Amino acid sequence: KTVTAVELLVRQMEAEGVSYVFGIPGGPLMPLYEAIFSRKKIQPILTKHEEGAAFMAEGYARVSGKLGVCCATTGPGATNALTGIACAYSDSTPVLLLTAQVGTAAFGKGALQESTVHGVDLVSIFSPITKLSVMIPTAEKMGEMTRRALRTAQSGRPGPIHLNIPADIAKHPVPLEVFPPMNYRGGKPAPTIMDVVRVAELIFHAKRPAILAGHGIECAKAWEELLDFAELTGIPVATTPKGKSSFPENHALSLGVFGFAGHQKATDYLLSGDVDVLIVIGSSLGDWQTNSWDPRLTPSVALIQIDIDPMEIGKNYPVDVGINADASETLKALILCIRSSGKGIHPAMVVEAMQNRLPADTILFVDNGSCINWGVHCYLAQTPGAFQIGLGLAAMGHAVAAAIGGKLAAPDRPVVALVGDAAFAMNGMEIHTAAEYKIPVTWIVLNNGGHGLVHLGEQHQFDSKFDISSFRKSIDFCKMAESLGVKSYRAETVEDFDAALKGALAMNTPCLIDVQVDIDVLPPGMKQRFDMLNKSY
């Protein structure tokens, strides 16, 4: 039994549990769509921009805990996706990007949108921000290369893949051989028994232990192991900003967010100098995770760092126990050992009204801009994985589009995106996509008529000497939503906002809420933060 190479690719994605392929067609890509529509299993989602498709696949992957897939044509289709894939790379999200390539017979002749070394070399452009970027050389190799891509994306530190597919091989016949995922990728690494024993001993004798949980908790699906571990030991848990929702913030052991826009309670605990044993789980300990590598984060007695990526361990802080292992496998081992032992509207008011009306199981997507500060600082995240923020690359527009992918991954749950107006101008056209497929997402646009953080930067770092941040005329997002077939509310009082949010939650359609916001409002942690840029200059 034979199938086209591209159908084999689609069938192998089927066995990984892939449900959607986000993208925009093109001539050389049409065999992929022909295969998808023939199989009636994976559903294609047409987006407005391939960057939006990459964002959506990234949002789908993070919420589903599965592989996200997007596709793009030769040349400018693929290059349009790059920012989204770079975000996936920075956030360790498994996203597979399928791109088309011209036929082999046209290499080096000036083919339309030629995407080889002789034209626009997509394989090379994507190499720095993917775990693997490769062109399928022959139809016979489609199988091996697809399994390689799927194994690479989801093994070790997860990350995106770029697979480039020449249009002439795509429909060549190949043996129909699909494998279950267990047969072509391996399991997760665990800690050694001696490392488990040594950590348990450090915990038993510690007089002021603490946990810093990062985004690796989501990557590892380690939420309930982390919660059980903390309750079993009494150890309080802080999270990184991106790590928000790894631990329930209404829990008695929750310190809140440590770092940028974080909570005084976490800062006091971890920088006091009193913590003797600090356990870092799944954080790369970059700038915003550490208040620019504050030396006071160093504990008194031992720093324990657990990471699946051995290159992150001991990078910025010397470690006393450095565990290279999956976070959930490490926490399980620790639990077992310890147990068997026996031993306009102010944005803060906006967030507050959201907290009072949003169901507990709401998945909140937050963009990049002042909404980082307001969401990270002012929103209480009780549900595991329910706070979705892209802080690895912090690309404007990420949350605007990724929330659509998130809703497709969790159709039973409310999905809300908190975004700025300039971010919405970058990728807000995608709400037309939500309208087209009736994907109920609510966008809350903090409409401050320009680039808030930039505006505040001009005031605090540049003496208000110039303005490259304020629009001379704010965008009317309700009219824009109307033009794209999405219901809208304008909110200028918190009462109007609450009525809009309550209408939007009930409606079963996409909806947009245009919130009037003062561009001069100083968001939490921003004041304390400008100095790093000043220090940099």
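In case it trips you up, residue 1 is the first one in the sequence shown, and so on.
- Gap check for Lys343 to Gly344: 10 or more deposited residues are absent from the model.
- The mean C-alpha temperature factor is higher for 181 to 189 when 181 to 189 and 87 to 95 are set side by side.
- Judged by mean Cα B factor in the deposited record, 502 to 510 ranks above the other of 54 to 62 and 502 to 510.
- For the set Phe126, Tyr269, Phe107, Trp288, the PDB entry puts the maximum C-alpha B factor at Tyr269.
- Listed residues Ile306, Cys71, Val351, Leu163 were ranked by CA B-factor as deposited; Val351 comes out on top.
- Looking at the C-alpha B-factors along this chain, the one for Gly262 belongs to the middle third.
- Among the modelled residues of the chain, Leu336 sits in the highest third by CA temperature factor in this PDB entry.
- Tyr317: CA B factor in the lowest third of modelled residues in this chain (values from the PDB entry).
- In the deposited entry, the Cα temperature factor of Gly375 sits in the middle third of values across the chain's modelled residues.
- Among the modelled residues of its chain, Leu456 has a C-alpha B-factor that falls in the highest third, as given in the PDB entry.
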